[PDB]
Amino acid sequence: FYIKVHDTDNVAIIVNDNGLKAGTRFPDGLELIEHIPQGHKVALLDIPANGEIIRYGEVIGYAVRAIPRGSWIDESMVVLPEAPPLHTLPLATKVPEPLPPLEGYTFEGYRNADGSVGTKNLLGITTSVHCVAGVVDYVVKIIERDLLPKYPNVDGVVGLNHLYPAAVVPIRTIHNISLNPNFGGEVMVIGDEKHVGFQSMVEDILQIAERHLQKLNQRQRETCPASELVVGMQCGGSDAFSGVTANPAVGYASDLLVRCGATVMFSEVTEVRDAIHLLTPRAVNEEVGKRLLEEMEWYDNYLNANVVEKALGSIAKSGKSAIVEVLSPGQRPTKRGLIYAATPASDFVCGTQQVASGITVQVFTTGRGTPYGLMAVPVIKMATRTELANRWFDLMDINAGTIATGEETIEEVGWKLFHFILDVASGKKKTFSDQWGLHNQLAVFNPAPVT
């Protein structure tokens, strides 16, 4: 088997483990001239010198010399196309017609006083930026082992720590995380007498904390429309199958959520940067397009195989819907649909920033056995290959590798993911991250220098 993503492609990827040896033939009639490993590209037709190399329906490079059919195309046989300037990129030149809406889909969630719906019932603890740091982590640890077990309806407790002139990103991120629907309607804020005492201070905090736990323990889930979901998507260990299996499937589920009237988010500026010329045309208008370019140059400025090919594989998670809004690190959306939330690719930082943007569910695609997870929101981990789903059967919540062998289609895995999202949001199924407690501490993005 070989996988051809788009119809106009002139190259394909080998899926067979160990690759395919010379002599192997395919239905169309071509034949390999040499051995080609799995994940590497093969020429479908004879491509001439300086000839375009097409994959994902776009130019990923040019041939350095004439490449014969059925030959292995290595990174040394291609010339990368230099990315064009940002002021020359087309904006809103091809906004697709909205697909027919999906109505009636629901999930059991926790309705908040502000109208938002949480997928989890958590206790949030924070402190004013002018108070001392270290009290929140100490109190959260005591609440987890001494009180949390007495309130089973409470999914957990999360500490929101501030960092110790231009550092607006970290402050905005911590304040917006406390507005996430999984915290409900009230996060806890902790901050004359000759002898006060530290132990005394903590005793008072634990009394306030037990009052909140008793109230959260009495909350119940109610049937809510799928339009109240906010789903975030990010990549973990980039793989040769990421853009041909998991990513396209996530993009199909992304389009289904947009049709339900929900909010989907894709981030990672470093992962989509070399393909921004394919996102700008999908902006609903120019102000949203220029706002998209503004985030690209901000990150290029902050930073002081085929990168274009990998970027095309990442944007596959965005699906085909229109980009209705662009967010800066830690901002919250004001519109519903496909949103672009600028964030670093670094897994724990991306997750923390998406949680700040208000996601209630996160989908994490990966080609490596990573124990990534968050307590703030349930993390659905999708494998890119079947070999990976079998090796880490207790980490991979869903397998997209069935697309590479033709056993399942992008549409089938996409719908399977959509239904998995509603079941996780309803608490009917627990992701492996929530089953084993794979929760890594929040990592706020701090682009400002440390004093």
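Numbering starts at 1 and follows the sequence shown.
A chain break between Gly191 and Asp192 is present, corresponding to 10 or more residues of the deposited sequence without coordinates. Going from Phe198 to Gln199, you skip over nothing: the modelled chain follows the deposited sequence without a break. As listed in the deposited structure, the average C-alpha B-factor of 94-102 and of 344-352 is greater for 94-102. For the pair 149-157 and 273-281, the record assigns the higher mean C-alpha temperature factor to 273-281. Across the residues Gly261, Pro165, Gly367, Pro181, the deposited record lists the maximum Cα B factor for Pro165.
Within the selection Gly134, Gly124, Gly118, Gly185, the deposited Cα B-factor values reach their highest point at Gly185.
In the deposited entry, the Cα temperature factor of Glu203 places it in the lowest third of its chain's modelled residues. In this PDB entry, the Cα temperature factor of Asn399 sits in the bottom third of its chain's modelled residues, the lowest group. Sort the modelled residues of the chain by CA B factor and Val444 lands in the lowest third.
In the PDB entry, a CA B factor belonging to the lowest third of its chain's modelled residues is recorded for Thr384. In the PDB entry, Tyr62 places in the highest third of its chain by CA B-factor.
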